[PDB]
Amino acid sequence: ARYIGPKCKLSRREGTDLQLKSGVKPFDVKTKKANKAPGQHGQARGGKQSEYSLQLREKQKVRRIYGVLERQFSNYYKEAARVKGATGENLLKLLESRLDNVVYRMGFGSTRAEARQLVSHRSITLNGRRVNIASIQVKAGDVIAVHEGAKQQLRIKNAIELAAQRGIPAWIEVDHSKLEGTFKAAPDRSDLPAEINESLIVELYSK
Amino acid sequence: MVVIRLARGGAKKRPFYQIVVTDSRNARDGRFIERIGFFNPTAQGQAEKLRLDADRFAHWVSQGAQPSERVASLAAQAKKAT
Amino acid sequence: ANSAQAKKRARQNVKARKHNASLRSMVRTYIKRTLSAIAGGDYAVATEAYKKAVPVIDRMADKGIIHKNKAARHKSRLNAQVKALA
Amino acid sequence: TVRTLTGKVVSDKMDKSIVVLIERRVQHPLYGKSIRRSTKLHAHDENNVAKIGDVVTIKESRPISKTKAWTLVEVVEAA
RNA sequence: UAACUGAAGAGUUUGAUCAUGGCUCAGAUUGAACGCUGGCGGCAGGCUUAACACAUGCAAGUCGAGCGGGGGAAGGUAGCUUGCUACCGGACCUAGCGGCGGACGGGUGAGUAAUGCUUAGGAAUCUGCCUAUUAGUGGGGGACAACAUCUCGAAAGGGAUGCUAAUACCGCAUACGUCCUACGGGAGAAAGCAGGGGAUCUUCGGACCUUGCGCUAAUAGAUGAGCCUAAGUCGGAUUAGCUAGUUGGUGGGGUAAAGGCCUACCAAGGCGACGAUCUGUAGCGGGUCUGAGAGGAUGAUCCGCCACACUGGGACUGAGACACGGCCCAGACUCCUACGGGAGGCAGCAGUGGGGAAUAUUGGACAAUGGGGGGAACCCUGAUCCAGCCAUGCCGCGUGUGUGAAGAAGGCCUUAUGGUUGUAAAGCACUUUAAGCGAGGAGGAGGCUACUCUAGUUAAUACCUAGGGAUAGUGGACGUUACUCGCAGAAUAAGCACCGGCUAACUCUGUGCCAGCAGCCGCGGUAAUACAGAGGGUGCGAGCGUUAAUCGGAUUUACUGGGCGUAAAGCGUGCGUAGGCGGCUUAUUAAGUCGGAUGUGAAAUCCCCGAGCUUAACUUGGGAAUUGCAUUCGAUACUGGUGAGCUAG
């Protein structure tokens, strides 16, 4: 399954911008209702919360930003726990190594939903083959490119234009002329935003 | 008698065979005396296609084991490859 | 039986049983004669009976009616019992 | 290269046979305390050299009767 | 490099409190079932209950190069109503005798607490087909199916007389090995068929040479099976004595082989509180689930062993059976009949009735891996490979994307005009995964035949065997395969539970201790955040809930790891049997204890590093592990044994 419907209410409930919108207009002007929950009993962020509520709301934010459902997320956490290192670090690397996320951060998609649509419709080739699974893990050194049929597409041009305004990641080497990029390494925690607190998710799944 | 033959493993429509030495009266995938190699008809990339232990093969042949047709062909192939 | 080959096997079975029973009876009769001579106790008579009995035992053992180990046991024990008669 | 056991004769009434008691000390599987376990073996005595109370040695062999499969090797100590 | 690293609590007894102690809840798991809902793919799973009764089809045949007959097609020759007849040699087919196979493969867990299973050892055995080596295959005879005749029976099938072939059967001869032996000696086998051929002969069609496949006697190997020992393997004492072939010995019999396995005598033994006997339950293991571990539960799918084949008792044939689809006997049940006479056993595959909460098609092919027969061609194979049905489980994908607000309408709450549904919708601009249509298209097939050459064995270039070369034919159930490329359009696709506390998520109407809810604590008797509907929201998502069951939480049987003054719990008090434990010094032993080495601990499964599947599930290479068992070599502090000594008990 895959979430389809209103997007901004998710951000309003979470309390922050989860960038499901393209970004041409700021979140505040786009919603006019941020700082309030989307229910008929909508309140401000100053309401008290329990530890269970904090843990649940932390994991939900990561799930909504990355578009991942509960079963796959639990499988990811089990894999990260099995692998050596910091569990939250491994989980974030696994989430960032997804193909659709790589397409979004490489700029051919305005949003992760658009990138996922492209990947599903086989407009993106990994190495030299036309894949269609958005959950594929991209490994160091892989080459991502846009299919020649998918080139000269207006949505792709707009996406790269918006990506140019957005900050280019350090770990991705992308040329927009032929629309091709190279992955080199998993982003590190300092590379990732510091808003996300992986310790809450680890505590939740450890329970 | 004692025979050398293939035992079918793997998954549906992608077979993988173990080359075993066994009494002929046993079931195809059951009791056996010794495993001496493998055959993967659909290998690609870095996957090995055929591995056979020539020394044990010759030992059992000398003791009187009877290779099957396909195993004899595979032994000829491995000897040519080596 | 259900099949033709099973019926044929049954027919062959009964015929072979009759033939084998005849030969086995032969062996038993000769052994019994030798035992009777031994119980009689004359040395020469027992020796003659044993000399008659040995070839029949050997022939049936070679045909497979009895095992060759059985034949050897019979020969050895009968020879011992005859020799004891001095 | 033959299996031998050492024990104490507890009977010699039957003809050409002795009953020898073997003793071993093993640990309890769960509680770990060493406990004493004993078994009775029928052995073969051709010349009735063994008596009650002696310490003897037996060795495994082919069956001699329904319950005898051991033969006396030597008498270590006489009662 | 690595092969692990692992332990959470809450509610409830009282006007408060602390303790004790039950009960209930939060987790993981499933061969599950039921309710609501439902798009696709991959890989697995699918009568747990009646070892209940079974309609119908299939699941074991093959060899004419072992044998005699018997068939019906083509031909060729001669006659002539002229394309019809009469004969003759080749090509095919098989009811019967005979060989091999049918003891494998497949199903099930009734019985079985030990004749079974697991681990470690042993000696007194047999072993078709296979491998190596040695000695041979000489010469005769009497039968019996088919066939012919008779007869019973509607038949199915029976019975009686007369013939015949063989690699069917039995004498005689011979014997490198082999058996017995008194050490002198004695005893015992076999069968032919096919391919090719120079020379010679042909008593007239073969002899003779040679090569294959056979057959006989023997020794090793391998494989398979039988036999023995030790340790381990669930409850009950409201089951304490059990056993006369019983325990041992001798002579004899019997077996492939040890043995009371059997028998005639002699003796009085044998087992038991370390649980005999009796009784209840149960296939065992590798493993699976849970647990921090120790433990607990379990033995579907995969592998090993055992047992059974409608219920009991037997044996025959055979290398091997006391034989699922063989025979005899007894029993119960069912079927045909023309009343003469007969037939049967799905716990094989598919299927039917019945039972049940509940579990599928009366499908395709031997193309692949195997099994049986054959020299080969080839035939058989419900094993197997595939296909059909089912959200039963696990994994993956989709049900569209961006923009879009003086915030449309409608719904709901209200402090009565705002808030919320909400960028949500409409509108604008795009995209074609999956499904549908069209076109191409791997791999699962190594081989075989035809041709040519080489090397062997031969008298030979012939035959046969083993290799090399290139070319051409030939061979796929799945299957319209996987996969790739085009075609039209957002076009075909979202539900389920919950919102008082445990526990994430609140308001309004309706009803009034009624209707109802409920895992526990508890709600409802007019303003119900707990009943019913609605709005809103939360959690999951092709699923979501409920019931059932196991472990956990439970230190709530406590070995790790609990208690007994008053909470449950010290026998009314002594003495004493088996048992448990036991002062100090010294020498010796090496049973306990500890260390090394060797053998073993099947594969699969779990864990680690890799590989191949577009990813993942899944498949797979190599390791690590299997904490155990046995043998042997060492150590001597402690415990035990033996010898000596001492006085604090």
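Every chain is numbered from 1, with letters handed out A, B, ... down the list of sequences. Keep in mind that the numbers below use all heavy atoms, side chains included, and drop hydrogens, waters and symmetry copies.
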Point to revise | Check: A:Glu203 main-chain N/O paired with A:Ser206 side-chain donor or acceptor under 3.5 Å | key: yes
Check your understanding: Can you find a donor-acceptor N/O pair under 3.5 angstrom joining the side chain of C:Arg77 to the base of E:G254?
Key -> yes
Check your understanding: If you check every side-chain atom of A:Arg122, which of E:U484, E:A182, E:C126 has the closest atom?
Key -> E:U484
Within the sub-3.5 Å range, which N or O atoms of nucleotides 381-384 of chain E have a protein N or O partner, and how far apart are they?
residue : atom : partner : partner atom : Å
E:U384  : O3'  : B:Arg28 : NH2          : 3.2
E:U384  : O2'  : B:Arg28 : NH1          : 3.0

Point to revise | Donor-acceptor pair present, C:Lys8 side chain and E:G98 base, under 3.5 Å | key: yes
Review point. In terms of side-chain heavy atoms of C:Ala6, which of E:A542, E:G326, E:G370 is nearest?
Key: E:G326
Check your understanding: If anything within 90° of 0 is syn and all else is anti, what is E:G197?
Key -> anti
**Study point:** Closest to side chain of A:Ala113, choosing from E:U507, E:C618, E:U401
**Key:** E:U401
Exercise for review: Remember a base hit wins even if backbone is also touched, and classify B:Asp23 as base, sugar-phosphate or nothing at under 4.0 Å, heavy atoms.
Suggested key: sugar-phosphate
Review point. Are E:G27 and E:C551 a base pair, Watson-Crick or G-U wobble, with both contacts under 3.5 Å?
Key: yes
Review point. Between CD of A:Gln165 and CD of A:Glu161, what distance do you get to the nearest 0.5 Å?
Key: 8.0 Å
Check your understanding: Which nucleotide sits closest to the side chain of C:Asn13: E:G248, E:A323, E:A217?
Key -> E:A323
Point to revise | Base E:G370 paired with B:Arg70 side chain (donor-acceptor, <3.5 Å) | key: no
Nucleotide N/O to protein N/O under 3.5 Å, stretch nucleotides 360-362 of chain E:
none

Review point. Is the base of E:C520 stacked on the base of E:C521, in that the six-ring centres lie under 5.5 Å apart and the planes are under 30° off?
Key: yes
Review point. Say you pick atom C1' in E:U557 and the same atom in E:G522; how far apart are they, in whole Å?
Key: 35 Å
Exercise for review: In whole angstrom, give me the gap between the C1' atoms of E:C517 and E:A528.
Suggested key: 12 Å
Revision key, fill the gap. Regarding E:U480, purine or pyrimidine glycosidic angle vs 90° from 0 gives syn
Practice item. Could you please name the option among E:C43, E:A123, E:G404 that lies closest to any side-chain atom of B:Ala11? Key: E:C43
Practice item. Compare the aromatic ring of A:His121 with the six-membered base ring of E:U433 and state whether they stack according to the 5.5 Å and 30° rule. Key: yes
Check your understanding: Whom does E:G440 pair with, Watson-Crick or G-U wobble, provided both distances fall under 3.5 Å?
Key -> E:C483
Review point. Which nucleotide sits closest to the side chain of B:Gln18: E:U620, E:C97, E:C559?
Key: E:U620
Review point. Picking from E:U369, E:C100, E:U399, which would you name as closest to the side chain of B:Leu6?
Key: E:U369
